[PDB]
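First the structure, in the form of structure tokens, and then the observations on it.
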Amino acid sequence: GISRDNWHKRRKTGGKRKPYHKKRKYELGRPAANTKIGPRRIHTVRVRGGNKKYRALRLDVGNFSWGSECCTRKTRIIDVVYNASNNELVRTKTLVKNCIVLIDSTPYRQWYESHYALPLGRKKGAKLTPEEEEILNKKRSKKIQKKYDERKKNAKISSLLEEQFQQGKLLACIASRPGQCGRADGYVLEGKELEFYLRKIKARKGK
Amino acid sequence: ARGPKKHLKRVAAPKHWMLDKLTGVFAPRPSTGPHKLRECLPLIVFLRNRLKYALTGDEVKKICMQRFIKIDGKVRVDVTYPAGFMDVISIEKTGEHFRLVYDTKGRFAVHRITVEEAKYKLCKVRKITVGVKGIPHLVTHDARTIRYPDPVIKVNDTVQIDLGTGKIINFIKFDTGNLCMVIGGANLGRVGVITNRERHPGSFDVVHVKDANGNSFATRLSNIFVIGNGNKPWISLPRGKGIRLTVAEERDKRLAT
Amino acid sequence: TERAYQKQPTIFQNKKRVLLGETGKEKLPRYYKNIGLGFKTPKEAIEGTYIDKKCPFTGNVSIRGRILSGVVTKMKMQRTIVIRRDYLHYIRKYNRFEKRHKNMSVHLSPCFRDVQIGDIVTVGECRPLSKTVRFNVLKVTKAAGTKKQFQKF
RNA sequence: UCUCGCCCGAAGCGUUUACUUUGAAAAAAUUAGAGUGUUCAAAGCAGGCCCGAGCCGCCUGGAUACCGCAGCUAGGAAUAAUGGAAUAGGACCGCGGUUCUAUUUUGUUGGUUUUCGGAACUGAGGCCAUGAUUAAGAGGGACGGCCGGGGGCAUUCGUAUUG
RNA sequence: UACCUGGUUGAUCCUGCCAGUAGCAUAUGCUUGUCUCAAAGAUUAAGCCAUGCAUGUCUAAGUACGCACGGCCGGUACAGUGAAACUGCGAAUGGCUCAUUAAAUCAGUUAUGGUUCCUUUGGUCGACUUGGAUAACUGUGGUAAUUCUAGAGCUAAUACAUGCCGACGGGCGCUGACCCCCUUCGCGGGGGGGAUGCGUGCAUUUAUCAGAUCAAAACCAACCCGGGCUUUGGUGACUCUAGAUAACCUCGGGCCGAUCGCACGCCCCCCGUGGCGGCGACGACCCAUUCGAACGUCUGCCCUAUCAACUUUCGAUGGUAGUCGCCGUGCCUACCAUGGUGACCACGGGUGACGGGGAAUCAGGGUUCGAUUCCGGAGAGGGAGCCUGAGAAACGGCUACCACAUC
RNA sequence: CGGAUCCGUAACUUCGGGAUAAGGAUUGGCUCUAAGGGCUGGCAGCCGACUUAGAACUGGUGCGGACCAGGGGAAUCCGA
RNA sequence: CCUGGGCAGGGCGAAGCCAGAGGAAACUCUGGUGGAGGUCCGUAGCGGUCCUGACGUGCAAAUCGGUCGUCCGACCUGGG
Ligand SMILES: [Mg+2]
Ligand SMILES: [Mg+2]
Ligand SMILES: [Mg+2]
Ligand SMILES: [Mg+2]
Ligand SMILES: [Mg+2]
Ligand SMILES: [Mg+2]
Ligand SMILES: [Mg+2]
Ligand SMILES: [Mg+2]
Ligand SMILES: [Mg+2]
Ligand SMILES: [Mg+2]
Ligand SMILES: [Mg+2]
Ligand SMILES: [Mg+2]
Ligand SMILES: [Mg+2]
Ligand SMILES: [Mg+2]
Ligand SMILES: [Mg+2]
Ligand SMILES: [Mg+2]
Ligand SMILES: [Mg+2]
Ligand SMILES: [Mg+2]
Ligand SMILES: [Mg+2]
Ligand SMILES: [Mg+2]
Ligand SMILES: [Mg+2]
Ligand SMILES: [Mg+2]
Ligand SMILES: [Mg+2]
Ligand SMILES: [Mg+2]
């Protein structure tokens with residue numbers, strides 16, 4: 001019964017428009033589904049033209065793209081911080097189009113080891129994690145190729161992303177609509193946007 | 001109204017179908033096809049009303065499903081199948097190969113053609129695009145979507161199409177000096193050489209054309225069909241070159257009889 | 001700077017230029033749209049700083065349809081101004097005209113600085129931006145008097 | 001302008017409305033109006049010639065005119081308004097310098113530099129017939145010999161009336 | 001037919017109105033022979049309806065063991081007609097009426113590059129046949145009846161579902177044991193090959209990279225030849241289309257034929273136990289066209305000032321993000337700014353107001369109607385919500401309220 | 001009825017009033033969110049104030065929970 | 001008459017002043033500030049409307065309990 005219509009509105013001046021329609025079919029309104037952080041649960045919605053819409057009532061998985069290095073892996077959604085449109089949905093933990101998700105930083109560590117060897121995030125222990133870190137021994141000139149990847153390109157992921165990898169959480173921005181396509185797809189906050197949202201979260205925790 | 005329309009009135013019918021006011025209430029609504037309702041001509045109008053092959057429409061409905069009348073090579077089962085400009089109509093028993101060219105007054109002038117030209121067909125390119133795996137597609141106003149056409153086809157060109165295989169050949173471009181035929185507006189059926197195009201940034205460009213014995217007119221790009229190459233039409237057009245002389249010259253021709 | 005929550009239309013920021021450590025310039029990743037139509041893009045959209053979603057030279061707002069002209073009346077509405085279009089209406093009975101005008105609101109792009117009240121502005125049709133805004137400011141033509149003059153303080 | 005093939009296409013193209021002349025512009029019916037002996041006519045979109053039935057037939061119409069007002073295009077420059085150059089921050093041509101980049105030849109790639117193409121800024125000089133239509137039997141203002149029971153304030157005089 | 005006449009006065013002239021004059025379309029009175037057309041419960045009551053109808057549908061081509069008719073008819077399912085059902089399509093059309101509605105609806109003109117789209121038209125379509133369920137049908141019933149239905153048995157498929165083979169693996173990305181050449185005593189540097197393992201195609205949802213107008217050299221290091229070489233299209237405009245890069249592709253799961261009919265021939269082989277199958281019906285992921293729908297731009301509408309300020313806590317105007325929606329949107333939400341309209345008549349009322357193309361009225365100019373056969377809108381007593389469906393807030397669909405109203 | 005907050009308030013008039021007019025909604029507990037400042041260095045950092053508004057959850061509709069505390073309206077006569 | 005003492009808190013929001021908007025002018029509209037008054041609800045104080053309540057050989061030869069009018073003043077009150 002929700003009408004997104006525009007015939008119940010005032011004019012340029014503010015004169016009340018007289019009603020004569022009966023809230024027709026081509027001006028539907030469906031209720032909002034606040035996408036929680038629980039398990040995966042998606043219902044269906046019939047759309048005019050026979051189309052199908054995927055309403056995500058609650059989600060656990062996500063697909064988030066790393067910015068600079070162009071990598072994208074699976075992600076468990078952890079926590080909802082700083083909606084920046086309505087602060088009630090931060091406490092409600094509702095996934096919207098422009099929101100911030102804490103990526104569990106585990107599925108990027110395997111790619112960073114596999115392409116950007118001598119990795120980080122080992123809290124300067126240098127004795128743990130028998131990973132196969134030093135087993136394949138890097139026989140041929142692809143060792144030299146990884147040396148070009150590691151020291152000539154120099155792999156600078158400067159200290160903001162260093163501290164986020166040490167904490168194990170990665171601040172990311174959603175880029176898709178969770179209530180429309182049923183997907184919490186997004187990208188990783190990088191650089192100036194990263195420090196801007198970090199400053200906003202720090203000031204919100206401060207005041 | 002709710003959904004699409006379903007009937008058509010004789011009064012709301014277009015003028016170029018030569019329909020009556022006393023014969024019936026409803027007009028034959030053409031089915032969906034390659035041509036819009038204002039620029040098409042149904043088979044029941046082509047048979048019952050124009051050529052006078054059957055008096056009633058039920059006989060036309062019987063013969064079009066008794067598989068006599070075919071359009072562009074294949075048989076159409078619909079009595080109200082749309083057939084617009086430049087469509088080859090042949091029925092299988094005698095020499096009857098009709099071309100749906102436009103009369104000078106705007107009607108559908110009949111034109112019986114020899115089989116060696118009835119095998120072929122011209123058609124105007126509507127647009128050109130690229131599709132899956134980087135292949136070129138061409139959309140025709142005859143609702144022909146063909147792949148791998150050619151690289152040197154402008155959007156407003158005219159390409160000869162084969163009816164037996166669906167193969168394109170003999171593209172002619174929109175150039176100053178090509179014989180065109182106007183297919184819409186107030187000057188439809190006008191045959192003339194393209195003289196001067198004038199472009200405009202408002203997504204619609206105008207074209208002044210000239211024809212023989214010193215006459216010139218103007219039209220728009222949505223109503224231009226290139227038919228020839230320098231006073232050499234690829235399709236023979238009936239009743240002279242298809243020229244509107246003057247109403248007074250028409251009266252003088254009727255007095256000369 | 002910015003006084004909102006996020007301003008980044010299309011251009012990806014981080015090239016990760018740091019191979020030995022340098023700051024450099026950051027005004028190079030800027031989106032630059034040509035509107036066509038034979039109308040010159042101003043240099044404020046070239047060496048500017050603003051980020052606008054509804055800008056005809058920065059945002060995805062396409063210019064189509066009609067092109068009209070008016071005179072600017074007010075500035076008090078945020079990032080969009082109200083213009084006035086005086087015209088005459090022919091009347092068949094009395095066989096002469098009368099003045100009519102319809103005030104329209106139009107999205108003033110922030111690249112068009114020095115947009116003082118009284119200047120003849122060119123507007124173009126676009127998609128519906130808001131409830132009463134449909135046009136978009138395209139080119140400011142007239143200086144609306146002598147800008148050469150200067151008063152005390 | 002000769003940037004793309006001694007002239008032209010082409011692009012810079014319009015200071016912009018008001019007004020006119022074209023041209024597209026729309027959907028029919030209706031209105032004026034073409035043809036037609038529906039027995040004339042209101043209508044209708046029909047019908048007409050040859051053939052003793054035997055030409056397994058031919059020919060033609062079903063147009064045009066209006067469609068204001070609003071919108072689009074191409075010509076017209078009289079009529080009515082609008083800014084150009086007044087504290088010159090103007091107009092052309094020719095000069096000095098700073099920063100930057102798209103792509104081509106040095107056989108190719110990688111690093112450096114210039115001419116070139118242009119945007120951005122800046123200094124001097126030459127050049128214009130260098131730039132302001134004169135002041136309406138329009139108006140505002142100024143000067144000065146007046147003029148008026150014009151207005152305000154203060155003063156002065158005159159009988160008469162009453163006591 | 002560019003038209004008047006009588007009436008104030010004892011009489012005359014003038015302003016002035018009244019009354020005659022003539023169409024038009026409603027009613028009514030009197031009268032009426034032929035014939036061609038011909039509007040016709042609009043005005044008050046968009047008030048109430050008894051009764052009868054107005055939406056059904058089968059091809060050689062979806063499913064036929066009906067107990068119905070019967071081909072010659074023997075048997076290795078099915079000759080054919082085939083009532084009734086299951087399935088798909090349409091019932092969102094047509095007809096009726098003008099009650100609401102005064103920049104609202106409509107009319108002229110422009111675009112969706114800001115969306116969807118039944119059907120048709122073309123492209124794309126790269127396990128010798130599986131599983132339950134059920135109607136019609138047979139017997140058994142209930143009530144006062146309805147287009148009411150239960151429980152027992154049965155069977156079907158293009159209703160539902162599940163799911164296999166082909167097809168060589170082409171080519172590419174990342175790791176990749178090992179191998180060749182040149183130099184150095186080895187260490188070391190450069191160039192060139194090479195199986196396993198993860199991926200792979202179109203769409204969905206992300207993020208990134210490369211993507212056209214412009215020609216002449218000079219220094220330093222590596223390598224090919226005999227001083228010398230390399231590329232999608234369109235718009236006036238793209239965040240358009242098209243490529244490459246890493247992953248999801250969502251159990252309410254995009255596609256990649258477990259379908260039917262006609263004509264019946266051909267080839268190899270040890271047998272056909274294998275192929276060669278020509279044409280037609282179904283939508284099937286997507287792309288365009290077509291029937292449209294939808295919100296958009298400008299301009300245009302009757303009277304009233306005894307309607308001069310209106311709108312804004314229950315968005316009024318704009319911005320920032322988000323939600324919903326088919327998408328562009330104060331359509332909705334949180335924050336921020338205080339806006340927006342009006343004497344060029346907004347706002348507030350009435351219309352015996354659906355808007356036009358049109359109709360009547362004979363100089364020109366105008367005036368008054370247009371419910372009415374065409375187009376577009378609105379509603380099916382008032383008014384709200386919704387399944388199905390591509391398309392409805394549908395009413396010869398449903399659900400609940402009010403006023404009626406049948407057994 | 002009574003306090004407080006948010007709406008909305010007539011006849012009449014000396015235009016001041018009438019008015020706390022009339023008539024409605026909320027009021028508890030517990031978590032939060034936003035806003036309202038000072039002091040140092042040439043925008044960054046340390047320290048406290050009880051106020052307002054909004055949201056969720058919950059208790060047997062219970063919330064001025066005791067106490068504190070205007071029933072109201074239409075009129076007539078007289079005295080301002 | 002002289003000389004001293006005292007009157008808790010809230011409501012209404014006058015003059016004056018500031019800012020914004022309109023108008024050619026006269027001036028008008030809106031949002032604040034301000035705290036005026038023989039002003040309102042109300043305590044102490046001062047009087048005593050009603051229950052014609054209690055008492056009524058009483059606490060009292062005039063008192064008590066509620067309900068009361070007014071409480072910045074034409075206010076209450078000590079001493080000379
Ligand atoms: Mg805190
Ligand atoms: Mg209908
Ligand atoms: Mg009369
Ligand atoms: Mg709100
Ligand atoms: Mg009405
Ligand atoms: Mg007339
Ligand atoms: Mg007239
Ligand atoms: Mg509409
Ligand atoms: Mg309806
Ligand atoms: Mg009724
Ligand atoms: Mg119906
Ligand atoms: Mg009263
Ligand atoms: Mg009172
Ligand atoms: Mg009295
Ligand atoms: Mg008294
Ligand atoms: Mg008092
Ligand atoms: Mg009182
Ligand atoms: Mg009192
Ligand atoms: Mg007492
Ligand atoms: Mg007593
Ligand atoms: Mg006693
Ligand atoms: Mg008291
Ligand atoms: Mg009291
Ligand atoms: Mg008092």
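Just so it is clear, none of the values below were taken in a lab; they were calculated from the coordinates. Cβ coordinates were reconstructed from backbone atoms using ideal geometry, including for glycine residues, and neighbour counts include every protein chain displayed.
A few remarks follow.
- For the residues C:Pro110, C:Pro128, C:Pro56, a GNM of chain C with alpha-carbon springs under 10 Å puts the largest fluctuation on C:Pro128.
- Counted by neighbouring Cβ atoms within 10 Å, the residues C:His107, B:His7 run from fewest to most as B:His7, C:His107.
- Going from the residue with the fewest nearby Cβ atoms within 10 Å to the one with the most, A:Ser158, B:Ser90 rank A:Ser158, B:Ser90.
- Applying a DSSP loop filter and a limit of 10 other Cβ atoms within 10 Å to the GluC sites (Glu not before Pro) in the stretch B:88-171 leaves B:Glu92.
- Placing pseudo-labels 7 Å out from each Cα toward the beta carbon at A:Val61 and B:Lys105 gives an inter-label distance of 7.1 nm.
- Given chain B, longest segment not containing exposed loop trypsin sites (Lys or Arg not before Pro) (DSSP; at most 12 other Cβ within 10 Å): B:200-238
- Calculated on C-alpha atoms, the gyration radius of the stretch B:144-257 divided by its Kirkwood radius gives an Rg/Rh of 1.03.
- 19 Å reach of a label modelled at B:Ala186, 7 Å along Cα-to-Cβ, counting backbone N of the stretch B:1-25: B:15-16
- Take the Cα of A:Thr129, go 7 Å toward its beta carbon, and the backbone nitrogen atoms of the stretch A:157-190 under 14 Å from that spot belong to A:162-169.
- Peptide-level mean, for C:10-20, of C-beta atoms on other protein chains within 10 Å: 4
- Arranged from fewest to most other beta-carbon atoms within 10 Å of their beta carbon, A:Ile144, A:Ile78 become A:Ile144, A:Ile78.
- Calculated diffusion of the stretch A:22-98, Stokes-Einstein form, Kirkwood radius summed over Cα pairs, 10 °C and 1.306 mPa s, µm²/s: 106
- In the protein assembly as shown, the DSSP beta bridges split such that about 95 percent are antiparallel, to the nearest 5.
- With both labels modelled 7 Å from their Cα along Cα-to-Cβ, the B:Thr32 to A:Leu120 distance reads 5.9 nm.
- Computed from the alpha carbon positions, the gyration tensor of the stretch B:3-51 leads to an equivalent ellipsoid with semi-axes of 17, 14, 9 Å, biggest first.
- Coarse-grained scattering of the stretch A:45-151 at q = 0.10, 0.23 Å⁻¹, given as base-10 log I(q)/I(0) from a Debye sum over alpha-carbon atoms: -0.51, -1.29
- One quarter of the surface of the convex hull around the alpha-carbon atoms of chain C equals 14.8 nm², the direction-averaged projected area.
- Calculated mean residue ellipticity, 222 nm, chain B: -2000 deg cm²/dmol, from DSSP H runs (n ≥ 4) at -39500 (n - 2.57) each, averaged per residue and rounded to 500.
- Length-normalised contact order of the stretch B:98-144 in % [C-alpha pairs under 8 Å, at least 6 apart]: 24
- Projected over every direction and averaged, the convex hull enclosing the alpha-carbon atoms of the stretch B:82-149 yields 6.1 nm².
- Using a Förster distance of 56 Å, the FRET efficiency for A:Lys200-B:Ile135 (Cβ separation, nearest 0.05): 0.70
- Computed as a quarter of the hull surface, the mean projected area of the alpha carbon convex hull for the stretch B:200-252 stands at 5.2 nm².
- Positive-end ranking of A:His115, A:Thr44, C:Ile11 along the dipole of the protein assembly as shown, with charges on Cβ about the Cα centre, is headed by A:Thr44.
- A:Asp185 long-range amide H proximity, modeled H, under 5 Å: A:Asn63, A:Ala175, A:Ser176
- Most mobile listed residue (C:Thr141, C:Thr80, C:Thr122) in chain C, GNM with C-alpha springs under 10 Å: C:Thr141
- Zero-based 10 Å bins, Cα pair distances in the stretch A:98-207, whole percents: 11, 34, 31, 18, 6, 0
- Taking only the C-alpha atoms of chain A, Rg followed by Dmax gives 23.4, 82 Å.
- Inter-site label distance for C:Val71 and A:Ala33 at 7 Å from Cα along Cβ, in nm: 5.6
- In chain A, helical runs assigned H by DSSP with n ≥ 4 each contribute -39500 (n - 2.57); averaged across all residues and rounded to the nearest 500, the mean residue ellipticity at 222 nm is -6000 deg cm²/dmol.
- Extended-chain gain in nm, criterion 0.36 nm per residue less alpha-carbon gap, A:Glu150 and A:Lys97: 15.5 nm
- Binning all Cα-Cα separations of chain B at 5 Å, short to long from zero, yields these whole-percent fractions: 1, 5, 11, 15, 17, 17, 14, 10, 6, 2, 0, 0, 0.
- Positive-end ranking of B:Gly134, B:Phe68, B:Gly106 along the dipole of the stretch B:46-138, with charges on Cβ about the Cα centre, is headed by B:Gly134.
- Unit charges at the beta carbon, dipole of the stretch C:76-131: most positive-side option, C:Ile117, C:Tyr94, C:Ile81: C:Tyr94
- Gaussian network model of chain B, Cα within-10 Å springs - most flexible of B:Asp162, B:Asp20, B:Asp142: B:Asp20
- When restricted to Cα atoms, the stretch B:39-170 yields an Rg and a Dmax of 16.4, 53 Å, respectively.
- Sparse-neighbour loop sites [trypsin sites (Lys or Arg not before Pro); the stretch A:43-151; at most 11 other C-beta within 10 Å; DSSP]: A:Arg48, A:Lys123, A:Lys124, A:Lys127, A:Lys139, A:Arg140
- Percent of C-alpha pairs per 20 Å bin, the protein assembly as shown, short to long: 13, 30, 33, 20, 4, 0
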